[PDB]
Amino acid sequence: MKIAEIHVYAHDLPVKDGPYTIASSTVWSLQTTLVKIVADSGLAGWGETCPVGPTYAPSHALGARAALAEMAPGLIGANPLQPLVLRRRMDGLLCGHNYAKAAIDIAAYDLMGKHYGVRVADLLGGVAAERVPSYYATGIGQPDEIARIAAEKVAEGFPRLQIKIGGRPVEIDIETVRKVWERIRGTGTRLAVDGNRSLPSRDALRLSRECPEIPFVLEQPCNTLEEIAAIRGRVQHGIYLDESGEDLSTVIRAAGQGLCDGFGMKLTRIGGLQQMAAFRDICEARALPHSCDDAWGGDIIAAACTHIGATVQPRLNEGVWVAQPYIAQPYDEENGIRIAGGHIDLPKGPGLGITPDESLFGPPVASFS
Amino acid sequence: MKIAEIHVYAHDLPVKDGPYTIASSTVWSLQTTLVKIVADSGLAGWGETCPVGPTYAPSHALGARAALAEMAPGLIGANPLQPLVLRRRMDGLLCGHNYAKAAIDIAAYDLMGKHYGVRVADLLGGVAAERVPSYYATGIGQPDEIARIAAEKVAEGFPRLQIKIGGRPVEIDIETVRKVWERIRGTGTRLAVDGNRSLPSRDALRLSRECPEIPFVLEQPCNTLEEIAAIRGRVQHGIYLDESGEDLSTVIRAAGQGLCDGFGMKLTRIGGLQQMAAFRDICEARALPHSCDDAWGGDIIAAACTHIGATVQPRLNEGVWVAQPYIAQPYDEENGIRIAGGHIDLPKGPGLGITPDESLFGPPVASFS
Amino acid sequence: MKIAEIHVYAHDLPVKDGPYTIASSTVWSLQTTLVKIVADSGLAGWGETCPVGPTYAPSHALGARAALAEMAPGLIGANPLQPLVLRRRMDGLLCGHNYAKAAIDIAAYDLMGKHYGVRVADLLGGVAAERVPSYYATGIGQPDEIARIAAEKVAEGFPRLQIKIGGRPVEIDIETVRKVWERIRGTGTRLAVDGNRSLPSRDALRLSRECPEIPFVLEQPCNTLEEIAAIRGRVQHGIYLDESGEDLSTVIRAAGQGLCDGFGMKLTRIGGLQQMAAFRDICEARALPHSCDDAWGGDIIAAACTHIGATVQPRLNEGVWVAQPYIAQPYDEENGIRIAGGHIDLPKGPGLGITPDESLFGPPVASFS
Amino acid sequence: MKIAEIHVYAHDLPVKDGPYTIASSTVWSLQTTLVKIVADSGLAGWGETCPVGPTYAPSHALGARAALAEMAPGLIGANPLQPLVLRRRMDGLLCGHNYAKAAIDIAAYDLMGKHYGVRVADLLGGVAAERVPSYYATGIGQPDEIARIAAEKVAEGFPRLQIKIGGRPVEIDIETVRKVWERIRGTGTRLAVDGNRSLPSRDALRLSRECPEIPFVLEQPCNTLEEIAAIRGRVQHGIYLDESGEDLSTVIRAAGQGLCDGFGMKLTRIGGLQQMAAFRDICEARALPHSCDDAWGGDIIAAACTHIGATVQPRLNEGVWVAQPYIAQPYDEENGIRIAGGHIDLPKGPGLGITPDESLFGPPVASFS
């Protein structure tokens, strides 16, 4: 089988009741990029990449489309049923840009699943769970307000909460953490506190030192892995990497040298499902819990995250985060990804189990044949 | 789909022109263990595990059969199309015993390939090369005799040689290395020198120190990874791990802490194809060349090694070693694995591409349903 | 003063006597991106960024233009005479993408120099030398052909040569190094050998071990800084970082932990002149020799590299590499950067000292006001 | 342009309501040294260096004047518009003595700013803030007395307090810290506790161990960087370096090896504004908060500190400390540096924005032409 066509789409995603405030990025609307790969036979697979604002990570919508434009001509004729060979071919056309490569990777897995009549999770090792936990991530806000939302989302069924902090005096972050804990203690809910690269080591040290009785993991408190490695021995809370986990090589360093206790991992950042599966296997060998998330996006990226999420050993699964609650219009009205009771059901159909309504996207902004 | 039956077989393989002498194991004949998994549909898949004598590694033929007998009843009804789920189910029945688990893993991949109409290499990421390099491993012997054999094997087309050493005064090993190099220098042939756990650090240091102009990698010179880690900074030849690479966790330590420059990796030791693919991905991220080998065995294990080997980035592929030259009777005379010109052509059919003449194996020593 | 307009240009530069072969990138023509910043006063400054093919580094021409388009609207009204404030403003609009940010940075320095009537080198600490050394980088090729070219370039007056290697059996690289040394020994010519991320540690170890009598520095032998850190203690030749030196934070790690002995540093990679000056100061504090280069490009980027190069302590200056010998048409035929006798004379006028014939560039692909 | 004359002045600064008590130095009056550089054109720039007693650091007033006398003849004819070239010229005349070199560096930046018509901050990267935070540093005193002063200075508007400790039993220091915290908790005021090289590791360990709920950073608790590195892993409060930060090389060690969480940095110690800017850039890359201070002195050194302070990323700016509150007579009655509301306004004029009344200083004690 061979790739005959590649189509790139641009589509807007307004944030319901926005904005969503991360210490590194405040977003009111998101520009997603969809990719459709069409085989010689006419069979199609879909991929998606949607950076969460241009300042969260070294990625942006215009950049995704430029990277896809660079690679697409060189991918016509490739075998989409060989995800590792396909990844190497992409590497031969463009260095880096994992967030764009991931959209091609995902579309190829979708296509492969449809061709063989198999769910993507069953091409990645097998479904370990049909119902996948999610987690709720609060935007930065006022301490009492965030504590209220925390309680609300626990009641909805989320087994884990992530509280975003930073970009303001750390005593306000600490007050927020204490107030959230007062609401959720005794509910069996797991807690993560995400600094999103924004805390100097001075403040990360203080946050952990002041709160030994509060069982958070501290997610990406500082900007660089170098800073995190420097503070780790002085911090008695588990530390998770997120933004620092840019590639498999960095994951190997972190796990092999004992630099973290877990990960928030984004599928587009690591470069797609082929790489994400290897990441999963590394974490399982070292009992490092992790999530399977992305920055943002609709049914296509959400389904990809859910499929890899469904393969994770349940005791290590910190959840699959999706943007669905903030997105008004699903691409697949029948079988799109939906959070229910703080969890996500894996789609039943072959491939990703998603069939997007292309008419929602408008005509492609770029087509390659 | 579900596993309906599991059949375990004992089969003998005497060494042509034996014995084969490893510093840790001398063998005149080998006892292999075959596994047949039968689905409800009637479709079957094959696996194999064959320790190279009982002293090379913590594994033996009677042990392989004991481990399989322990796990088999608990695997009836499992979905054979989910290799990671299947591995976890095995872990729930028996701790360790990767060499036995690998036989089930391989049979599952064979079954998956047959069911979907796909080659096993394509289920593991894709065929990067239809023909893979092999390497010739010499036995321990007289320096000039080993040098003659080395020259002969280069003339046959082997792109790499592994010279076994140890178990005698190291000056004889050094003379062997020097005489081999005299005959193969300028042929572009790669060289490995394998101590097979037998050299005290005293002698590993001496071998490297005396021969800076000879471009070998030093494979498993010392018994423990601890000894290797202690000598590495004082040894200017690349060092490869073989026997020490017992699981993915150990590979993560070695790669993440920079304890070696490559691997001789055995499929059964790491626990099968699911784990081997993860191993491959770790090595590729860090440009660590490796082989895809096993201890011994016929067409089934050989085909499994060849399939994973066919997925490796060619610049990192140190070869696929197979016991075929020492085995009188192939399981599959039409499609069985054969070395030609120091290389191995990947089988072209679905699954492993191997159809063993099951009659050769005798009745099962144990059957489960 | 305020930015009134920003104009982005696409322009082609085919390689004379191409292609130019790097182990990580082979190129027959280059697409450069020019930026013109216009102040309210009407005064203009120029910047440039030109990746050397899309596979050398995580940067490409379409990406440079996407990044500039993303940032430009948010820069209208900014004070162009404040390079650090301007860099922070860019960081607030787009994460990463140093190669694109560098073009804005360079245009700002050009504008500042023109406004104050000062050469850019004097804004960066002062002209230490009116004429700076360059170095010649050979392509990958036959050992004796590369040796001939090396001899020719020494006769032209180049004080340093960089021999590119990798992407083939290392014995050929070693033969190349030996044949080059045979021809240039005793001429006082400095030697670097650049693996361009392509050597497994196995081969980097071998190259150094075999050639202690040849005084090269080994530049970016391996792909990751992690691999380089692992081999450094076993390699007795100085090791320089190039591609790994992605930002000032990484330079701080490398200098502070003693991970390298020098740098091949590219202005666009580090993010522009503001960051490059800090880099220079770090290297001077630790006596780490370095070059001031870029990936490719015409008079604008070349002049920027020459200006920072002119500020470096002469004993630490490994040279300024420019693409001029491979470029048919200069932007400025009166003052453009040219190699003469293996060295480069700094332009004498204010700003970068370059007045590009803007007509050459075509209409802007994007304009902002 | 060229230096035509250098004039060195001696001037006394009585401590208002003295003495000021540091654990390493008690001072009743300070001897400052002013430097005037006059260009061929007649244009002048001013610098200043004022050690805070002869025992605080390896520097003293008689030593400043001796160092300037050594260097001045060798600086006549130099280009004062090239601060890095000028620094190298000074290094070629005298090793070390940064505190004296800094006065020349500052005078040259002043001159450069006047010549180009630009504020010194805009020659160092640009004004990031017109109003710069300061911090108040209490001398050593009785616990209740210091707590009262702490409350008073918070009310005046200082966003940060530094409490000096040491030279007495540590339980008194701990009582002081607790009493200060009781007064300032809930005011959003940041806290530093400065041991000024005086605590044995025994007592630094105790101070941190006993007070996890008090959010100080521990500034230079021990005498040597070696002692600080030894205790750092056992101390859960952020540790800042001050006296140990003697040069850029030491800063590179501290940041690269993760030996501290921030700095109190003195402009004269680091060697002037050229070096201070590089220091600032290193800290910004690693999110290490820092102050921009000096040991003591009037309008000239204060303005230099304010100018570099105005370029610091606001979230990393721990403040600019100046001696103004303790100095009765400003050099520039109109535009001298004044603390107002715990903050300092950047002068508006070119150069440092300061014009000293030379008649206050008396005739030069040494003149060079």
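When the chains are written out, they are named A, B, C and D in that same order, and each has its own residue count from 1.
Heads up, the rule we're going with is that a residue touches a chain if its C-beta (ideal position, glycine included) is under 8 Å from a C-beta of that chain, and two chains touch if they have at least 3 such contacts.
Engineer: Pick from A-D, B-C or A-B: which pair repeats the contacts of C-D, with over half of them the same residue pairs?
Structural biologist: When the contact pairs of C-D are compared with those in A-D, B-C or A-B, A-B matches.
Engineer: Sort out for me whether A-C or A-D is joined by the greater number of C-beta contact pairs.
Structural biologist: More C-beta contacts join the chains of A-C.
Engineer: Take the average of all CA coordinates in subunit B, do the same for subunit D, and state the distance between these two points in whole angstrom.
Structural biologist: Using C-alpha averages as centres, the distance is 65 Å.
Engineer: Compute the distance, rounded to whole Å, between the mean C-alpha positions of subunit A and subunit C.
Structural biologist: The answer is 35 Å.
Engineer: Once you find the CA centre of subunit A and the CA centre of subunit D, what distance in Å lies between them?
Structural biologist: 46
Engineer: Would you please write down the residue numbers of subunit C that are in contact with two or more other chains?
Structural biologist: Residue numbers touching two or more other chains: 224, 226, 249, 252-253.
Engineer: So in the complex, the part of subunit B that touches subunit A is made up of which residues?
Structural biologist: Those residues of subunit B that touch subunit A are 79, 81-86, 88, 116, 118, 122-128, 247-249, 252-257, 274-275, 277-278, 281-282, 285-286, 311, 313.
Engineer: Over in the complex, which subunit A residues touch subunit C? Could you list them?
Structural biologist: 24, 54-60, 62-63, 65-67, 69-70, 91-97, 224, 226, 249, 252-253
Engineer: Would you mind writing out the residues of subunit C in touch with subunit B in their complex?
Structural biologist: For subunit C paired with subunit B, touching residues are 169, 171, 199-202, 205-206, 208-210, 222-224, 226-227, 229-231, 233-234.
Engineer: Which residues, counting only subunit D, touch subunit A once they are in their complex?
Structural biologist: The contact residues of subunit D facing subunit A are 188, 212-213, 215, 217, 232-233, 235-238, 258, 261-262, 286-289, 316.
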